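Asker: My structure is below; once you've seen it, I'll send some questions.
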Amino acid sequence: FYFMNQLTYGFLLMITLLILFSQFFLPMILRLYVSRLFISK
Amino acid sequence: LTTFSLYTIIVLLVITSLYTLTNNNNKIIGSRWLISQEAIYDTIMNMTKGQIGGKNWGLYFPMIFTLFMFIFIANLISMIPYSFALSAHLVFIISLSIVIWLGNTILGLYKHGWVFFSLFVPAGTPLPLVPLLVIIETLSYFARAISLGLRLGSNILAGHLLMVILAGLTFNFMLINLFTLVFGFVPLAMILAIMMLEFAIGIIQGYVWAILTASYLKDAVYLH
Amino acid sequence: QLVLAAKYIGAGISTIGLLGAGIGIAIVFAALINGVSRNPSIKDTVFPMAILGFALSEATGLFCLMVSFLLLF
Amino acid sequence: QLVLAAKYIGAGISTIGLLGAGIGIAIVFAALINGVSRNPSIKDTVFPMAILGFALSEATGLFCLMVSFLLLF
Amino acid sequence: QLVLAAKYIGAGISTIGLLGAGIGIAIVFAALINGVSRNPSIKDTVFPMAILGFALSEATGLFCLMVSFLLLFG
Amino acid sequence: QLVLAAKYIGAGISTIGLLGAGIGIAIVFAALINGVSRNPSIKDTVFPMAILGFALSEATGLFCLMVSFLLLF
Amino acid sequence: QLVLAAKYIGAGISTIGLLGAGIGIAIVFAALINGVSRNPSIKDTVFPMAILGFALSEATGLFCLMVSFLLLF
Amino acid sequence: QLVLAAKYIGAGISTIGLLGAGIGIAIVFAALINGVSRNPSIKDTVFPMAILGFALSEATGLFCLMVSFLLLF
Amino acid sequence: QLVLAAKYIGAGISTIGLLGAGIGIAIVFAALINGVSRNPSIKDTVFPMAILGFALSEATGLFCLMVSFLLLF
Amino acid sequence: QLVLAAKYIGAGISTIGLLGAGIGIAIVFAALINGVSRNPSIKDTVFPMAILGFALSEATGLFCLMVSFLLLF
Amino acid sequence: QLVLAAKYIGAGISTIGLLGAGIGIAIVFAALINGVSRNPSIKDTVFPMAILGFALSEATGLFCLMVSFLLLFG
Amino acid sequence: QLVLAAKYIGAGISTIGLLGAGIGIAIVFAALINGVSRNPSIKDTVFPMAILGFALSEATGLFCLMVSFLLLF
Amino acid sequence: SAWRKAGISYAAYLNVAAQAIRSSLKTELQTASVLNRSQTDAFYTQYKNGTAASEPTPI
Amino acid sequence: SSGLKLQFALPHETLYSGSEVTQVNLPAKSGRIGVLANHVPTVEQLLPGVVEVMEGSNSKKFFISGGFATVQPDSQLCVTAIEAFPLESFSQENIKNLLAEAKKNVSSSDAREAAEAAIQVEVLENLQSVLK
Amino acid sequence: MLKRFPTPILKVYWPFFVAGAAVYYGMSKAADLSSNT
């Protein structure tokens with residue numbers, strides 16, 4: 001029936017988020033915290 | 001076109017925007033709206049370095065910060081009048097469960113390799129008693145998938161589809177009757193309780209999913 | 001006629017796992033309360049773990065409801 | 001006929017899960033009393049963090065109510 | 001005709017649902033009494049909590065018995 | 001002929017609720033005993049409150065017994 | 001062979017309900033044991049209040065078995 | 001065989017009613033053990049009451065087994 | 001078949017009664033163990049009492065197995 | 001059609017132990033919470049042990065539901 | 001036929017008695033662990049008999065299982 | 001067309017007995033957790049006792065599930 | 001025993017127990033300091049804010 | 001350190017100081033404290049009972065009318081009692097029967113005095129009990 | 001604002017991805033063999 005319609009179509013976001021957030025999301029907080037550490041020193 | 005693409009489109013449009021748009025201009029001050037991430041990410045890192053402590057903390061902590069939000073966002077469709085977290089089917093947890101368990105066995109097989117027979121017996125029960133301990137270690141490894149697979153899924157599915165039962169049954173709490181008064185108006189108050197229950201359960205279940213993932217991963221990433 | 005009602009009976013029987021889950025969750029809440037009273041300060045280091053356990057039970061409690069629903073509809 | 005009354009019996013069976021909510025709803029009060037005796041001070045913070053669990057406890061019977069209703073109407 | 005038998009049997013089966021509200025209030029009174037002995041200065045605070053705990057606990061037993069009564073008379 | 005048989009069987013099953021009251025009044029009196037041993041004086045406000053708890057507890061078995069008697073006749 | 005059969009089966013069923021006396025005795029009995037363990041000098045007035053509890057605890061088996069005899073004849 | 005098997009079914013149904021006593025007597029027993037660990041000076045006097053407790057607990061098992069045997073022979 | 005059907009089903013129903021003994025004997029054993037740990041002198045004054053308590057607990061389970069032994073034959 | 005009805009009946013019978021699994025797991029979480037409130041330094045030596053235990057406690061109930069699963073399809 | 005069917009059903013149902021075995025195993029193991037915590041030098045003191053008590057509780061479950069074993073057997 | 005039906009029913013009903021082991025592994029885990037909280041150095045000595053308890057506990061549920069599936073297969 | 005309700009303090013209870021236990025003994029055990037343990041000449045007069053040492057009752 | 005050390009130093013005259021022992025079983029406030037060796041970190045106010053301090057030699061029994069025995073993590077039992085007692089001088093008949101009863105005359109005083117002396121009401125019975 | 005830093009998941013998250021690919025393949029096969037739908 002409907003098995004090959006959301007399996008890959010759903011896990012695509014799961015595969016992509018690794019390249020997306022890691023260079024995109026956590027980069028913001030990491031750079032901000034590191035810069036605030038620089039001001040702390 | 002396809003309904004599944006439209007379902008995933010909300011994630012594809014929210015994931016980039018909530019960090020590339022909710023912030024004012026990517027400023028370090030932490031906006032009032034940006035206080036949300038400013039509180040969430042630090043608690044996330046606390047557990048990430050905590051639960052996966054050691055040199056294994058940096059191995060996949062970014063993977064944790066990634067994998068945590070996917071299910072939480074996908075289940076966010078629970079409070080709409082026609083709400084659907086993955087069209088009441090949501091085979092997605094199957095994708096994230098057994099594959100991650102096999103990834104744990106690989107972290108025992110790709111990095112730990114042939115030492116993989118030196119983890120199922122945490123403390124003792126030597127050759128005179130090893131098989132009994134392995135008999136439950138196998139069950140634990142098998143069911144760790146189902147503990148994070150469909151568990152948050154069942155919680156979300158029930159907390160959302162309880163509204164269907166609520167509507168179908170108490171359509172006539174007050175619509176057309178002489179019971180529209182204080183007599184039966186208390187039965188219709190369960191819907192908001194179900195909404196609060198689903199809302200708390202989803203977030204707590206996403207956090208628990210992340211924690212269970214970390215607990216399973218560090219067990220096969222640090223052999224005792 | 002019996003085949004259809006069989007699912008209704010099976011769901012009713014499988015839907016009795018709610019009580020033990022409720023008992024356990026109340027137990028977790030009780031221990032949290034006790035730890036808060038005896039140890040007012042360290043309460044924060046356990047409240048997160050407290051919710052972690054509360055969900056760790058309530059998820060299976062609702063899993064019982066779901067397994068009943070699979071026979072209920 | 002042969003399924004509707006069976007659904008009524010299934011509703012009664014699903015209703016027997018209310019014991020979990022009942023036991024928990026007062027185990028929470030027991031924890032509150034124990035806190036008050038042991039820590040009369042911390043009981044103030046506990047009551048906000050115990051009443052919710054008592055309310056959270058009732059969800060166990062709430063599942064019982066819903067199951068019975070779907071099997072009784 | 002068998003609807004009556006099924007309703008009676010279902011009410012009897014659901015007549016086990018109030019056991020939790022039974023021993024529940026027991027544990028509530030137990031902790032209240034043990035604490036009151038532990039500290040008489042908490043006796044006043046326990047009762048304003050004991051009553052609320054007992055009534056709220058027995059509310060579920062009342063709901064389960066109402067489920068039976070609907071299958072008993074209604 | 002089946003209705004009377006069912007009334008008898010359901011009456012027997014509804015008698016199961018006596019267990020909860022038997023344990024519950026027992027728990028209340030047990031707490032009274034423990035508190036008196038630990039704090040002899042508070043028996044004055046406990047034993048009356050113990051009777052009040054007995055009233056709030058054994059009433060459950062009383063309700064179950066009354067329902068069972070009503071169903072048996 | 002219907003009504004008498006159900007009388008026998010339900011009589012067997014209600015007999016498990018007598019198990020509540022098992023905890024009815026146990027709670028007060030452990031209370032007395034612990035009370036003597038703590039304040040053995042209170043053993044004099046311990047059974048003085050434990051007697052009423054034992055009477056009300058066997059009373060659960062008494063009322064359930066009275067219903068049981070009501071059914072058995 | 002219709003009603004005789006019914007007596008067999010009821011007798012089997014009663015046959016786990018010994019759970020209440022099988023837990024309550026063990027409760028009184030562990031209570032006495034705790035008392036001895038606590039008030040070891042009263043172990044001999046406790047046994048003169050511990051026997052009474054074990055009997056009043058096993059009284060439930062006796063009441064259950066007798067009712068089971070009434071339909072077992 | 002019905003005769004053997006009941007002589008098997010009621011047999012199985014009586015058979016689960018061994019649970020009461022499996023809990024009761026273990027409880028007494030555990031209680032004696034903890035008493036010895038928290039009172040090294042209590043071992044000599046409780047070990048024969050410990051065996052006697054194990055007997056006093058396993059009696060209900062022997063009663064439970066006895067009915068199955070008769071039922072099968 | 002009887003085989004499918006009975007498969008439904010059995011799948012309704014397996015899913016009761018999930019109550020006990022939830023009770024046990026949430027009790028384990030409760031005990032971890034209380035012990036941590038007792039010895040905050042005991043977190044490292046405690047939390048892994050309970051995470052190992054309670055996960056298996058809930059896994060027992062999940063595998064018990066697996067019994068209902070296979071008969072369900 | 002039907003007699004063997006009820007033999008199978010009872011063999012399945014009697015297996016519920018394993019709960020008492022599990023709880024007894026819990027009681028013995030847990031209280032032994034606690035006794036080891038309280039008096040660490042009591043581990044050797046109680047190992048000779050506490051393991052025997054666990055074996056006794058386990059043999060009770062063995063007596064619970066033997067009936068089902070004969071049920072599959074005769 | 002019933003032996004398969006009754007095998008399904010019994011196989012489903014067999015899942016109740018593992019609840020004891022599922023709650024009990026967590027019970028032993030709780031006791032070990034509290035013992036380490038009181039005495040962290042006892043964790044090493046109890047881990048052998050922990051294996052001793054876990055093996056003697058989980059076997060009842062494991063063999064329960066194995067026997068439940070075997071009578072179906 | 002009854003130190004819980006209306007005594008003075010734990011020291012008062014254990015000291016009265018000491019006095020009785022010494023009374024549960026003859027001169028062959030009770031040394032001289034046991035006499036001062038019984039003959040306590042410490043005269044307790046709790047002062048006040050206005051320096052009101054009320055009455056030097058023996059402790 | 002192996003074994004178990006006891007520090008029985010009462011405010012009258014110190015008896016034991018860290019000496020090794022096999023058992024120091026004593027009547028704690030909540031129960032009977034049979035700490036044999038090592039024990040665990042827990043210190044309890046004590047109830048009038050018998051402290052059969054089982055050294056490497058025989059267990060000397062002395063009915064002790066109170067104290068607190070601090071079970072230090074070094075298998076050190078700091079039993080800061082309030083009274084001392086021999087294995088022979090703490091054993092007598094007439095001194096343990098008439099003294100308490102004569103003290104029952106003091107119990108005829110007012111309410112707070114009787115509340116204080118209620119401890120002495122059963123104080124002497126403990127010594128005659130533990131004298132064996 | 002937005003950058004693309006060098007996030008290593010190619011040689012770090014390779015094993016989980018490979019396992020997930022095997023799982024997707026097994027799901028495809030069960031879409032034709034085990035489930036036959």
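Following the order of the structure tokens, first chain is A, next is B, and so on, with residues numbered from 1 inside each chain and ligands from 1 in the order they appear.
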Can you list, as a compact mmCIF listing (two decimals) with N, CA, C and O atoms, in the first residue's frame, every protein, DNA or RNA residue that comes within 7 Å of region 52-58 of chain I when you count only C-alpha atoms, leaving out same-chain residues fewer than 3 positions away?

Answerer:
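Saved result, selection23.txt, follows:
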# COMPACT_ATOMS: atom_id res chain seq x y z
N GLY H 22 -1.35 -15.18 51.95
CA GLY H 22 0.03 -15.49 51.63
C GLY H 22 0.92 -14.26 51.60
O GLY H 22 2.14 -14.37 51.75
N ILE H 25 0.50 -12.84 56.01
CA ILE H 25 1.30 -13.57 56.98
C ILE H 25 2.77 -13.26 56.79
O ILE H 25 3.51 -13.08 57.77
N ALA H 26 3.23 -13.20 55.54
CA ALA H 26 4.61 -12.80 55.30
C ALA H 26 4.86 -11.38 55.78
O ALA H 26 5.96 -11.06 56.24
N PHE H 29 5.30 -11.59 59.42
CA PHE H 29 6.57 -12.24 59.68
C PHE H 29 7.75 -11.29 59.52
O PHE H 29 8.62 -11.22 60.40
N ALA I 21 3.46 -18.32 47.86
CA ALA I 21 4.59 -18.89 48.57
C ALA I 21 5.91 -18.31 48.09
O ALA I 21 6.79 -18.00 48.90
N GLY I 24 6.09 -15.17 49.85
CA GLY I 24 6.07 -15.23 51.30
C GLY I 24 7.36 -15.73 51.90
O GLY I 24 7.91 -15.13 52.83
N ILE I 25 7.88 -16.85 51.38
CA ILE I 25 9.15 -17.37 51.87
C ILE I 25 10.29 -16.40 51.61
O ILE I 25 11.14 -16.20 52.49
N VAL I 28 10.33 -13.54 54.24
CA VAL I 28 10.89 -13.91 55.53
C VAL I 28 12.40 -14.04 55.43
O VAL I 28 13.14 -13.60 56.32
N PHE I 29 12.89 -14.66 54.35
CA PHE I 29 14.33 -14.81 54.17
C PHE I 29 15.01 -13.44 54.10
O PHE I 29 16.03 -13.21 54.77
N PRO I 48 16.81 -20.19 63.41
CA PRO I 48 15.74 -21.19 63.53
C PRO I 48 14.36 -20.58 63.36
O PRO I 48 13.48 -21.18 62.73
N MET I 49 14.16 -19.37 63.89
CA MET I 49 12.91 -18.65 63.65
C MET I 49 12.77 -18.30 62.17
O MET I 49 11.66 -18.23 61.64
N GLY I 61 1.31 -21.85 49.81
CA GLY I 61 1.68 -22.35 48.49
C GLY I 61 1.58 -23.86 48.38
O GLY I 61 1.22 -24.40 47.33
N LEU I 62 1.94 -24.57 49.45
CA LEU I 62 1.73 -26.02 49.47
C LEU I 62 0.25 -26.35 49.38
O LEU I 62 -0.15 -27.28 48.67

Asker: What's around residue 5 (chain O) at 9 Å? Count only C-alpha atoms, leave out sequence neighbours fewer than 4 positions away in its own chain, and write the answer as a ChimeraX atom specification.

Answerer: /A:22-24,27

Asker: How far is it from CA of residue 38 (chain A) to CA of residue 22 (chain B), in Å with one decimal?

Answerer: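 Going from CA of residue 38 (chain A) over to CA of residue 22 (chain B), I get 25.0 Å.
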
Asker: Near chain I, which residues of chain G fall within 12 Å when you count only C-alpha atoms, and what do they look like as JSON, numbers by chain?

Answerer: {"G": [9, 12, 13, 16, 19, 22]}

Asker: What does the Cα RMSD come to when chain F is optimally superposed on chain C over every C-alpha atom in order?

Answerer: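 C-alpha RMSD after least-squares superposition: 0.9 Å.
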
Asker: Mind running chain B against chain J at 10 Å and telling me each contacting residue's nearest atom pair with the distance in Å (one decimal), counting only C-alpha atoms, chain and number ascending, as a Markdown table?

Answerer:
| residue | atom | partner | partner_atom | distance |
| --- | --- | --- | --- | --- |
| B:51 | CA | J:48 | CA | 9.5 |
| B:136 | CA | J:56 | CA | 8.2 |
| B:137 | CA | J:56 | CA | 8.8 |
| B:139 | CA | J:59 | CA | 7.6 |
| B:140 | CA | J:56 | CA | 5.9 |
| B:141 | CA | J:56 | CA | 9.5 |
| B:142 | CA | J:59 | CA | 9.0 |
| B:143 | CA | J:59 | CA | 5.8 |
| B:144 | CA | J:59 | CA | 7.6 |
| B:146 | CA | J:62 | CA | 7.7 |
| B:147 | CA | J:59 | CA | 7.3 |
| B:151 | CA | J:62 | CA | 9.9 |
| B:212 | CA | J:51 | CA | 8.9 |
| B:215 | CA | J:51 | CA | 7.7 |
| B:216 | CA | J:52 | CA | 9.6 |
| B:219 | CA | J:52 | CA | 9.4 |

Asker: Mind giving me the straight-line distance from CA of residue 57 (chain K) to CA of residue 21 (chain K) in Å, one decimal?

Answerer: 6.6 Å

Asker: Pairing every C-alpha atom in order, fit chain E onto chain K and give me the RMSD in Å.

Answerer: 1.1 Å
